[PDB]
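> This is the structure alone, sequence omitted:
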Ligand code: CLA
Ligand code: CLA
Ligand code: CLA
Ligand code: CLA
Ligand code: CLA
Ligand code: CLA
Ligand SMILES: CC1=C(/C=C/C(C)=C/C=C/C(C)=C/C=C/C=C(C)/C=C/C=C(C)/C=C/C2=C(C)CCCC2(C)C)C(C)(C)CCC1
Ligand SMILES: CC1=C(/C=C/C(C)=C/C=C/C(C)=C/C=C/C=C(C)/C=C/C=C(C)/C=C/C2=C(C)CCCC2(C)C)C(C)(C)CCC1
Ligand SMILES: CC1=C(/C=C/C(C)=C/C=CC(/C)=C/C=C/C=C(C)/C=C/C=C(C)/C=C/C2=C(C)CCCC2(C)C)C(C)(C)CCC1
Ligand SMILES: CC1=C(/C=C/C(C)=C/C=C\C(C)=C\C=C\C=C(C)\C=C\C=C(C)\C=C\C2=C(C)CCCC2(C)C)C(C)(C)CCC1
Ligand SMILES: [Ca+2]
Ligand SMILES: [Ca+2]
Ligand SMILES: [Cl-]
Ligand SMILES: [Cl-]
């Protein structure tokens, strides 16, 4: 567990590691917005 | 479980939000 | 300018309405406890 | 092209999403309720988690007679008290 | 005339009871108080001419002698079968679960 | 020139040499029939229709001769086991000889039609080009086939002018060739009813005559002539191949499941008779009936015919063979000599024990004995160290009733185990394994080989059908597609209807 | 079939007393078993000593008897060989050896009661499968 | 067995040196178009 | 928008980053933002692990891969690898996660706002791929940076608390390394050892002195090479040997990273020194050996004479000889006789496993360890069901060694594929036919027929 003071942030901490994958997904949203030119 | 889904939705939306904002303001996409 | 209900429309639909419903049933299932 | 409307025009139109923001969730919820009300079990004859065995039994209710199979199954269902 | 000696031995008391001279040690788990201490002493001090000879094993406690007497009815002895006792098979006979 | 796989296409516009080729083929097939019959007669032992019938001996054409009434040899024996019978000319030998002669005559005719291919008969009187009027030919041949089918049903199968057909009891104990009356009620469509076969041939024969007359007299609709390319002989090839693979799948099916035309005395029992323990049930019924009439166990079991006991044995199950396990069943388990009798297993308490039978699926199977209620009492353990059910622990014994071993009891565990091992196969037999150097491995019967060959050929002929249907319907493009093909015919939205240029 | 109160009713002691476990207790028992025991005792066997299983009859023939709640809890505090002769905490997980078996460190009395309950109830459900090993999978 | 060992070691070394010096011998220039890659 | 479409750039969207080859500013952006992604992952993953960490449960039972890395460095752990303080893990995670914001900031800046090319902005930061000297110079800077990092490992080991030593006398513990191995015969001796069984090349490093001294050597080598490359330009033979372009250098780096990936796979699968089993779980060999140990112990307790116990095959049921005669565990684990671990070595004598030590000297802690490792063998399903493929659901376990070996084999392999792809493409492009054959000048048409 995280130090007691940080406990309220457990749910955020649970989700953070996944964020880098969203960047790959973001590349496609972006490319979709410029029509894959 | 609700806090996790809420953080996911804010972070997940942030990207498409950046793209949408730039598309709206004729940004350098 | 374009027709709406085509043979294509029928085909798309018979493959789509069932899957939407099915997926919703499956998702219902994910919570069932023994 | 074949004469029907391009998919991209349809799925990028407002009308489409007006229709389908209604129709898609409706079907999804209908499926959900198909399971959550337990109707799926009744329609297909699938055992619920408490209807595989009688309390003490450990023998599979295997169908053993072709032409009295229906009756065998019904009997199996009765023995679940 | 060729005979499988283990199968043959199953037709003796070996097939009905714990044979102190042949049976693998895990069998002693079948009855209260025999495993592993007494089981070990029994296997270690085999073979026995008779069941009651198990009582003469050196260093036994009175409690141990008691348990043995209570379980003599579950024991037997037959001739040592080389095939069952070689290879240390009485301690591990290649059978698990 | 022509690629190797197209050499026979030279016959397509050569009716005379096509006829010649067919004659040669027919000669080859008839010669095969004669040769096969002669080899089988040269190898067949007729001395024991009980435990060494033809189907144990890898006989393939002999059962088909037997099926239609050829049961005797010029040498004096019959397949039903009679002596001193005079079968006349139409013994197995007479049939073989007839087929050989036929083969030769057909060969000569083939030579004639090959040399004299250019007959005026084969030319179209208008164009002077070679031409066959296939629809009318169809009418003629259909009519002829009808007459033959009818005649076969009405005279041969009825016994009105002919020998009849092979028929038996439901357990294949007393089979013989008998006249069979047609069954005109719905049981005529029961596959196991021979009368149905007779009524079939009479009625379908008449229908063939009528439809044949129709096809002689009535020309094809222009629309069907055009659609099915009825001027192109390869269409006939295509549909004939389709019909033929259909028939082959059907005979494969009736061979595997059994029918009145696939009797177990000619082809062997089915796998399903083993599956349902059909003969075991009949044997037990007869034994119980014997015991109820006051017979001893010994007497009751001794009254069971050896042939019936022999049917209740997995080595005669056609689903126990191997693709490359070649030859007669006798080459495997041996030549059956005698029933040893029924083995009854008992434990030291005297309870009767029953050996669990081997299902067809299993090349090998454990030896497990249960009481009447299926509770395990004995087995042959793999691991011994924690064995609880060994024959030795349970003092299993075996007593035999009926057969060679009638009245004997064995108590020594090796022998009892040996008989239990044999009991997994059902009733236990003594075999001659020396005569044929039998290797002890089950082989299938002619039922199995027939079924295999015909299911495979039927399946391949499905490809044949597809191929020639394609060649027929796409003749115009089979050297390739139009060099000046309009990209507009292929791009979408140019024609409302695909291919149609008048829909721009 | 259902997980009835009857099924969840197991011997509390060797004297004829039973306890009825709650569904929550059973699920907790399964969870704690997975946590502390299943690495060795998956399905009721013992991987580092397959001669000894967790079948009820076997626990019943252990010394002292282990086919009840009190016996199993005691085993979890002070484990012995099958005959009771030597104490084996030093090579077996227990409260007594929670220093060298750290997964025992936070197990409460209630936890041990739950585990014991899982161990006695499981065979009533799974039958021969429990302690049966691969033969019965 | 030592002799076989030495023989194989020498053979292998010989071919490995062929491979290495071979690819060091102006390999980029050995193509049908643009040769000046240095 | 300069070059960002296929018509201008010559590259389709799916090869979009190839548009970046000669735009040093946006390319710098890409690199920095990516480094941001890596650091971000280290941080977030560390904090996730810590948030999920139950300190009394073994790490390897909890799906941890980063915390074991921090622990191996001596942070947060004491005797037997027990967790005494979780705060250093928290620090590592937090500091990475905070640093990733910075890298991300610079990356986004350079990628969308900063100068698209750097050459006109600055002659120091600008570069031409075809400029061999500038390439070796930047290469030199990075070599110096890596050398420094290796010396940071040395520093941690020697001056800042030491490293976790599984081999520490009296049991595994954090230990300060005061006498790192500097003898080049040992250090490069590792580089000259067979990669095959019982040798295992660098994967065989089995003591922290060798690791640390090795990092002293790597540190100095890297700094010296960095200086070398800043002060030199490529010799003629190298000029004629290589293709000199961005994609080519990329291909070289891809081949290198593939190789390193395979090495890491073997390292985490076999080595239990820099990957302590206290943190990562037993190795496959370790757990098999542990099984043999476990039953040798059980059966010996029952009275078995394990040295003389003949197995079904004729080989010793518990103990046999290796092909060079060493006494080794029997059964299938005969293959794993090259295994070495602190729980087993006290039973080892000059001739291998010592029968007298086995009879008399096996301690309860050894039995415990063998049982634990035997029952935490690195076998499990993709859905993390622990044990053999036929095991029933019950145990939630897949060893970290398996996750890291499998992951890094997959990555190393695809990186070999990448290497082939880019080396070949770089060759074709340098030679001028990467886009296809000139119809009017098809080389084969000017070649004589083969026959
Ligand atoms: C319908 C066809 C048929 C059937 C069902 C039988 C069945 C029977 N005959 Mg018979 N036989 C046949 C045709 C047939 N035969 C023919 C045409 C001849 C003349 C050569 C013979 C000659 C003959 C003799 C001489 C004998 C038999 C015997 C027997 C029996 C033994 C069967 C056996 O062991 O086969 C074994 C079957 C196989 C090993 C399967 C062969 C599979 C081939 C090799 C596959 C080829 C694959 C191919 C090359 C792949 C191409 C790929 C490419 C397209 C890419 C059996 C009852 C024997 C008997 O016992 O008589 C008393 C006996 O002695 N037969
Ligand atoms: C009544 C049955 C029948 C008939 C009359 C034909 C007739 C014809 N076939 Mg056809 N065919 C058939 C069944 C039949 N096929 C079946 C069932 C298949 C699927 C397996 C095919 C597949 C087929 C193909 C793929 C092709 C033909 C073609 C041809 C034509 C030229 C054949 C040739 O030149 O080969 C000459 C053959 C040889 C020189 C040697 C063949 C050796 C075989 C493969 C092995 C040995 C066979 C053995 C002797 C036969 C035993 C008898 C068997 C029934 C057990 C010809 C019109 C070809 C065609 O249309 O050309 C334009 C062509 O391409 N056929
Ligand atoms: C994959 C299967 C298949 C395919 C692709 C073809 C394709 C071809 N066949 Mg056909 N054919 C087939 C199977 C097939 N056949 C079968 C199984 C038979 C029975 C022997 C035939 C008999 C046949 C003949 C006699 C002829 C063709 C011809 C043709 C060609 C023209 C198309 C046509 O006539 O279709 C035929 C239509 C079908 C195959 C579809 C039938 C659909 C049925 C009626 C549905 C029945 C439902 C059923 C009653 C439900 C109850 C099920 C029950 C189990 C409870 C063409 C090359 C002709 C030819 O080659 O011209 C050049 C031609 O004369 N075929
Ligand atoms: C590691 C992942 C990665 C990275 C670092 C890059 C880097 C870059 N890509 Mg990309 N790319 C990627 C993956 C990646 N790519 C993938 C997977 C694809 C295939 C879908 C592509 C396809 C692609 C194409 C087709 C192209 C690029 C190009 C570019 C560059 C300019 C992008 C642009 O102009 O922004 C325009 C977009 C925006 C202004 C929208 C916002 C984008 C920002 C960066 C998002 C930042 C979000 C972040 C959470 C903010 C944190 C800030 C905080 C620290 C304060 C840029 C250097 C282009 C290039 O080559 O130009 C010469 C180009 O044409 N890329
Ligand atoms: C690979 C790393 C890298 C590189 C090569 C560059 C290169 C460049 N940056 Mg920079 N930049 C980076 C990372 C990097 N940046 C990051 C992470 C950020 C976010 C904080 C920025 C933010 C940034 C801005 C906001 C700007 C630049 C610009 C510049 C240019 C001029 C820099 C200068 O004059 O320094 C001169 C030297 C100094 C000012 C002293 C440097 C002190 C350093 C930080 C000491 C610590 C070094 C230490 C070893 C780093 C280890 C980090 C490691 C743990 C990852 C130059 C092209 C400018 C530009 O492009 O103008 C148009 C510009 O305005 N960059
Ligand atoms: C990432 C770091 C890095 C990189 C990319 C380079 C890259 C470059 N260096 Mg090197 N260099 C480095 C670090 C690095 N160096 C360091 C740390 C040092 C100090 C020790 C040096 C010292 C150095 C010198 C002294 C020289 C180079 C040279 C060169 C260039 C040609 C190298 C080449 O041909 O290698 C290919 C390698 C060979 C041809 C050696 C023989 C190949 C054998 C057969 C391979 C055996 C290895 C095998 C895979 C197994 C490994 C285990 C083995 C030890 C048993 C090249 C530009 C040369 C140059 O031109 O300088 C300007 C040059 O002379 N470098
Ligand atoms: C039988 C029946 C019949 C008929 C019915 C039908 C017809 C049905 C239909 C319906 C259908 C029709 C179904 C639906 C569906 C599908 C699903 C169930 C869903 C889904 C999706 C998915 C899940 C996907 C995903 C994945 C993949 C696959 C792809 C991509 C990737 C991913 C990951 C995304 C009748 C009544 C007459 C009578 C009797 C009975
Ligand atoms: C170029 C581009 C690309 C990419 C992008 C990127 C890669 C960028 C980056 C980077 C990144 C990486 C970003 C970020 C994030 C970070 C941050 C934002 C930091 C902060 C942190 C926090 C805030 C902390 C807090 C904490 C505390 C301290 C303790 C514990 C708890 C907590 C967790 C709360 C793409 C594909 C889109 C495409 C186009 C272009
Ligand atoms: C820390 C460590 C230590 C130490 C380390 C060492 C000291 C190592 C090293 C260094 C090194 C020393 C490494 C390596 C190798 C190198 C490379 C990797 C090579 C490659 C080459 C190339 C690649 C070339 C290519 C080709 C040729 C072949 C021919 C011609 C053309 C070309 C040039 C292209 C130890 C282990 C004790 C312990 C643990 C830790
Ligand atoms: C001419 C002359 C003569 C003679 C004739 C003859 C001498 C006879 C014959 C015939 C013959 C004597 C020949 C034959 C037949 C055979 C064949 C034709 C067969 C074939 C075979 C098959 C085809 C098979 C195939 C395969 C294999 C081989 C095995 C397995 C698989 C199968 C089966 C598929 C006479 C006096 C009559 C008079 C008239 C004229
Ligand atoms: Ca429930
Ligand atoms: Ca023989
Ligand atoms: Cl047991
Ligand atoms: Cl083993």
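That came in fine, so what should we check first? Numbering: from 1, shown residues only, chains lettered A, B, ... in the order given. Ligands and ions are numbered 1, 2, ... in the order given.
> what's around the closest residue to residue F:445 other than its chain neighbours, how many residues?
Nearest residue to residue F:445, sequence neighbours excluded (C-beta to C-beta, 6 or more residues apart in numbering or on different chains): residue F:268, at 3.5 Å. Every residue, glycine included, has its C-beta placed from N, CA and C. The tally of other residues near residue F:268 (other C-beta atoms under 10 Å in any protein chain shown) stands at 25.
> how far away is residue F:268 from residue F:58?
Remark: distance between residue F:268 and residue F:58 (C-beta to C-beta, to the nearest Å) = 11 Å.
> any common contacting residues for those two?
Common neighbours of residue F:268 and residue F:58 (criterion: C-beta atoms under 8 Å, 6 or more residues apart in numbering or on different chains): F:329, F:446.
> What backbone torsions are found at residue I:23?
Note on residue I:23: backbone dihedrals following degrees, to the nearest 10 are phi -120, psi 80.
> any idea how far it lies from ligand 8?
12 Å (C-beta to the nearest ligand atom, to the nearest Å).
> repeat for residue F:405
When residue F:405 is compared with ligand 8 (using C-beta to the nearest ligand atom), they lie 86 Å apart.
> same thing with residue B:24?
From residue B:24 to ligand 8 the distance is 18 Å (C-beta to the nearest ligand atom).
> Also residue I:97?
Distance from residue I:97 to ligand 8, by C-beta to the nearest ligand atom: 5 Å.
> same question, residue C:6
39 Å.
> now swap in residue C:27 and tell me
From residue C:27 to ligand 8 the distance is 31 Å (C-beta to the nearest ligand atom).
> Is the one helix or strand that residue maps to positioned near ligand 7?
Secondary structure from DSSP states H and E places residue C:27 in helix C:7-29. Yes: for helix C:7-29, a contact with ligand 7 is found by C-beta under 6 Å from any ligand atom, at C:18, C:19, C:22, C:23.
> can you list contacts of that helix?
So helix C:7-29 is contacted by D:4, D:23-24, D:27-36, D:40 (C-beta under 8 Å, 6+ apart).
> Just the buried ones from those residues?
D:27, D:28, D:31, D:32, D:34, D:35, D:36, D:40 (16 or more other C-beta atoms under 10 Å in any protein chain shown).
> Please flag which of those sit within helices.
Among these, the members found in helices (DSSP state H) are D:27, D:28, D:31, D:32, D:34, D:35, D:36, D:40.
> For the closest residue in space to the last one that isn't next to it in sequence, which residues are in contact?
Sequence neighbours aside, residue D:34 is the residue nearest to residue D:40 in space, at 5.5 Å (criterion: C-beta to C-beta, 6+ apart). Listed by C-beta under 8 Å, 6+ apart, the contact set of residue D:34 reads C:21, C:24, C:25, C:28, D:40.
> about what we covered before: tell me which of the buried ones among the contacts of helix C:7-29 is nearest to residue A:27?
residue D:28 (29.5 Å; C-beta to C-beta).
> Next, the contact list for that closest one, please.
C:20, C:21, C:23, C:24, C:27.
> Give me the buried subset of the residues you listed.
C:20, C:21, C:24.
> Mind putting those into TSV with distance to ligand 1?
Shown next, in TSV, are these (distance: C-beta to the nearest ligand atom, whole Å):
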residue	distance to ligand 1
C:20	47
C:21	48
C:24	50
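> element containing residue F:1, please.
Counting by DSSP H and E, residue F:1 is found in no helix or strand.
> and it, how many neighbours?
Residues near residue F:1, counting by other C-beta under 10 Å: 5.
> Likewise for residue I:229?
Neighbour number of residue I:229 under other C-beta under 10 Å is 21.
> Which residue is the nearest non-sequential neighbour of it?
That would be residue I:140: by C-beta to C-beta, 6+ apart, it lies 3.5 Å from residue I:229.
> next helix or strand past the strand or helix carrying that neighbour?
Secondary structure from DSSP H and E places residue I:140 in helix I:132-159. Next helix or strand after helix I:132-159 toward the C-terminus (DSSP H and E): strand I:163-165.
> And the residue of chain C that's closest to ligand 8?
For chain C, the residue closest to ligand 8 is residue C:30, as judged by C-beta to the nearest ligand atom, at 29.5 Å.
> Okay, that residue and ligand 9: tell me how far apart.
For residue C:30, the distance to ligand 9 - C-beta to the nearest ligand atom - is 48 Å.
> Neighbours of that residue, how many?
Using other C-beta under 10 Å: residue C:30 sits among 7 other residues.
> Please report phi then psi for it.
Torsion angles, degrees, to the nearest 10, at residue C:30: phi -60, psi -30.
> and if you look at residue F:380?
Per degrees, to the nearest 10, the backbone of residue F:380 is at phi -100, psi 110.
> What sits closest to it if chain neighbours are left out?
residue F:367 (4.1 Å).
> show me what contacts the one you found?
Residue F:367 neighbours (C-beta under 8 Å, 6+ apart): F:355, F:356, F:379, F:380, F:417, F:420, F:421, F:424.
> dump the residue contacts of the nearest residue to the second one once chain neighbours are set aside.
The one in question is residue F:356. In space, and not counting its chain neighbours, residue F:356 is closest to residue F:368: 4.4 Å by C-beta to C-beta, 6+ apart. Residues counted as contacts of residue F:368 (C-beta under 8 Å, 6+ apart) are F:355, F:356, F:376, F:378, F:379.
> Against residue I:22, how distant is residue I:426?
Counting by C-beta to C-beta - residue I:426 and residue I:22 are separated by 14 Å.
> Same check on residue F:103?
For residue F:103, the distance to residue I:22 - C-beta to C-beta - is 85 Å.
> quick one, which of the two is more surrounded?
Taking other C-beta under 10 Å, residue F:103 and residue I:22 do not tie; residue F:103 has more neighbours (19 against 13).
> Wait, that one touches residue F:27, no?
Yes: here residue F:103 lies in contact with residue F:27, judged by C-beta atoms under 8 Å, at a distance of 4.9 Å.
> Sweet, I'm off.
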